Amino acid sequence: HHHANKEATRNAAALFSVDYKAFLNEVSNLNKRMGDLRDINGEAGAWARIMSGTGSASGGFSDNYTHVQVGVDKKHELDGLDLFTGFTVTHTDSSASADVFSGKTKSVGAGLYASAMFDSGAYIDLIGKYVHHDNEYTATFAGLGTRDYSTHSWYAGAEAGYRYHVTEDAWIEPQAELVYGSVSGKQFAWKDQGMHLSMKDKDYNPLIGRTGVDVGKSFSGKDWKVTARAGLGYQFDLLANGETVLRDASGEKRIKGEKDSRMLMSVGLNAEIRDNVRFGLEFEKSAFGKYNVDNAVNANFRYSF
């Protein structure tokens, strides 16, 4: 009984964890979503972004995702402050697998942001969104077969940082970010070998913290600019209030959520071409976590006018 129970627990936990990755895939930061929003003349904007990535964890879990996003905003000009207020829509296709399961998630989201760029070098970014997830996963363990189900998520994220110019052309930028969410629970009930089995998890609420530093060196001409940049951060769960319940003939079993944390590493660039066009690009990975991003690439483009 004990061996059987460990296996089921490991398998259930692996499967249900895709809901955790789903959520984490939609967490980003200002520079990754918007590019560099400093010293922009135009009073309106339209932008787009693509991210592609792969990650992994024990049990042979691997995943990779494609995240597409577009938004539009107005920039209000204030005393030493530009405040961008706008809307955004996102699409994510992700695929995932491990020793005992396989499948795909499809996500559509919408939201609202405000980004506040201060002349002093300070910034605040606030974002609220809703994401709807269609999921299809196939396991072989337990006789669970194929399962389709929906989930949804709410996101409320706040980021602050400060760009200190060490030289006319070199800079350092400490940053802090806090992202609060929700994730809908689901239940499977099925039969295997004449026996009623069951698997259910409650709604839960991620809180994800990040602290880090970016550093940058810029180069310019009259009608162009390029900044090379790099950065080191620490990303960490502050809660793990999820719980899965396994239930069979013999009895119940509760598996509680565990916190994960990882070190974030990245390198890239933001370009300015003439008056309306900006482009940003980063390569990223993480180290030291149960789940790490093994590599990912983010591109964004903004047209300001």
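Each residue number is its position in the shown sequence, starting from 1.
Comparing the deposited coordinates for 188-196 and 125-133, the stretch with the larger average C-alpha B-factor is 188-196. Looking at 138-146 and 70-78 together, the entry lists the larger mean B-factor for 138-146, computed on C-alpha atoms. When the C-alpha B factors of 89, 114, 98, 179 are read from the deposited coordinates, the top value falls at 98. You'll see in the entry that, of 271, 30, 46, 245, the Cα B factor peaks at 245. Annotation for residue 260: C-alpha temperature factor in the middle third relative to the rest of the modelled chain, per the entry.
Per the deposited record, the Cα B-factor of residue 159 falls in the lowest third when ranked against the other modelled residues of its chain.
Per-chain ranking of the deposited C-alpha B factor places residue 58 in the highest third. In the PDB entry, a CA B factor belonging to the middle third of its chain's modelled residues is recorded for residue 232. The entry lists a Cα temperature factor for residue 153 that places it in the lowest third of the chain's modelled residues.
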